[PDB]
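S.K.: This is the structure I have questions about; it appears just below.
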Amino acid sequence: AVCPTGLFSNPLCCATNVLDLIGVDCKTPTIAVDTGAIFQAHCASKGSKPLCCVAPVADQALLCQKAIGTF
């Protein structure tokens with residue numbers, strides 16, 4: 001899995017991870033992301049970055065972590 005199970009188990013495409021903890025303008029992937037490369041390429045197509053967050057729904061705010069092996 002691209003995201004660790006538990007707290008940061010939700011893969012989201014976000015503009016940036018403020019202070020490396022707060023995903024901004026996060027959006028749920030529109031295709032299955034089964035590998036880090038696909039995850040990253042898909043988000044990139046949205047001008048975003050692959051982040052693993054606490055919730056599968058982006059309401060703004062939102063605690064996130066960088067997807068392992070990206071950037």
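Residue 1 is the first one shown; counting continues down the chain.
Going by what the header records, the deposited coordinates were determined by X-ray crystallography, 2.2 Å.
Using N, Cα and C of the backbone, Cβ positions are placed for all residues, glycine too.
According to Swiss-Prot:
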- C3-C52: disulfide bond (DISULFID)
- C13-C43: disulfide bond (DISULFID)
- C14-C26: disulfide bond (DISULFID)
- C53-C64: disulfide bond (DISULFID)
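Locate each feature and note its surroundings.
M.R.: For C52 (disulfide bond), other Cβ atoms within 10 Å of its Cβ number 25.
Of all the Cβ atoms in the protein chains shown, 26 others lie within 10 Å of the Cβ of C13 (disulfide bond).
According to DSSP, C26 (disulfide bond) is assigned to coil rather than to any helix or strand.
Taking all protein chains in view, 27 other C-beta atoms sit within 10 angstroms of the C-beta of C64 (disulfide bond).
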S.K.: Validating a neighbour-count step here. Other CB atoms within 10 A of the CB of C43 (disulfide bond): how many?
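M.R.: So the number of other Cβ atoms within 10 Å of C43 (disulfide bond) is 24.
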S.K.: Cα within 10 Å of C52 (disulfide bond) is the criterion; apply it to the disulfide-bonded residues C13, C43, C64 and give the hits in sequence order.
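M.R.: Those near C52 (disulfide bond) - Cα within 10 Å - are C13, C64, in sequence order.
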S.K.: Out of the disulfide-bonded residues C13, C26, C43, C53, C64, give me the one sitting nearest to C3 (disulfide bond) by CA distance.
M.R.: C53
